[PDB]
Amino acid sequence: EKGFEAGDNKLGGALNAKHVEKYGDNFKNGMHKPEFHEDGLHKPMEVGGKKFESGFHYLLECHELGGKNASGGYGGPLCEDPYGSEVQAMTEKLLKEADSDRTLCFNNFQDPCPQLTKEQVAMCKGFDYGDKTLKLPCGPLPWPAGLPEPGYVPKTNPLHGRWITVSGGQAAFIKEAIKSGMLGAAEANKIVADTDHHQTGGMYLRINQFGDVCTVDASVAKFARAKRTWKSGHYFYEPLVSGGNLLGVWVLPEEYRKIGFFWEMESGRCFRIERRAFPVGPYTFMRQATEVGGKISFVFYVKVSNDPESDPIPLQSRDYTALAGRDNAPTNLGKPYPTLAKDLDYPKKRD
């Protein structure tokens, strides 16, 4: 109910209405829309009776929503102890190996990255991102040079399952900020912006994958929408709990790696990103690497189950809005990217 996953398990499982009944009206129609003190997350707030020392404290509690197995734990049949010392050591080694890895997407992010102008960002301020019938005010978003074209269809659905974050989780960064006692507005604002969206991870991911189409359950502590479905090469909209708005795309050009990008509309920045799955010892890990302005942020997850224990939702896209109705819009080097500016779920009107 409430647009969330069907189920009443109070101990765990995919996010459902019973899990968030306690947060007054913050959760509705599958969306998480909380109200943080006008000033910033450093200032306190109150949700359905419970007062929170700060907005960060609310986010910390929201991080615990939706990623647990049926009995309230985080482990699964493929890895019963994701937070154990064994997994930690493998993760530390992968982290160190990540700095020397020269196989990253976009030619290790050296490909020329597009950026929206000051005017373009200004035009979009206040735009109704939920209206599928509107063209983005700044015209077609630039596709990032070096993005592979779509067409490949994964054969083994390797992303399908439940993944638990073992490095780069946002809660760890929030706990650091909280320990910093007295935070100022500027300070809180920077923490939110620096760890926003894919710069850090939620505590889990549940993925339903069928070839080049996936449904992904992500942390509502970070993303306003609990569940999203997208298709390789097609746009989708990510409203953020921070108030930010992203229009991005995932391409699945290979069997074990996704390559994509997300336009953060309020800053005009194009974050480029990849997710790859690979084995280490008896486990399967996923490394997420997000880059902007020369800075690469890594998130690591360990696969705890082949079952996401969450259902897919209908397919959609936001190619019309994002490309402002322009078929085969270009990359920033003037090369046409083969995606038509029509939403896969047309004529649905709202997103």
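One-based numbering along the sequence shown.
Participant: Would 258-266 or 171-179 have the larger average of its C-alpha temperature factors, as given in the entry?
Facilitator: Mean C-alpha B-factor is greater for 171-179.
Participant: With respect to the recorded C-alpha B factors, which stretch has the higher mean value, 341-349 or 2-10?
Facilitator: Comparing averages over the C-alpha atoms only gives 2-10.
Participant: Sorting 102, 160, 227, 234 by Cα temperature factor from the record, which one lands on top?
Facilitator: Reading the PDB entry, the winner on C-alpha B-factor is 102.
Participant: Can you tell me which of 115, 209, 219, 120 has the highest Cα temperature factor in the record?
Facilitator: Highest C-alpha B-factor among the listed options: 115.
Participant: Per the entry's values, where does residue 85 land by CA temperature factor relative to the rest of its chain, in the lowest, middle or highest third?
Facilitator: As the PDB entry reports it, the C-alpha B-factor of residue 85 lands in the highest third of its chain.
Participant: Which third of the chain does residue 325 land in by C-alpha B-factor: lowest, middle or highest?
Facilitator: Middle third - that is where residue 325 ends up once the chain's C-alpha B-factors are sorted.
Participant: Lowest, middle or highest third: where is residue 190 by C-alpha B factor in its chain?
Facilitator: Its C-alpha B-factor, which the entry lists for residue 190, ranks in the highest third among residues of this chain.
Participant: Lowest, middle or highest third: which one holds residue 165 when the chain's residues are ordered by CA B-factor from the entry?
Facilitator: Lowest third of the chain for residue 165's C-alpha B-factor.
Participant: Can you work out whether the C-alpha temperature factor of residue 213 puts it in the lowest, middle or highest third of the chain?
Facilitator: Bottom third by C-alpha B-factor.
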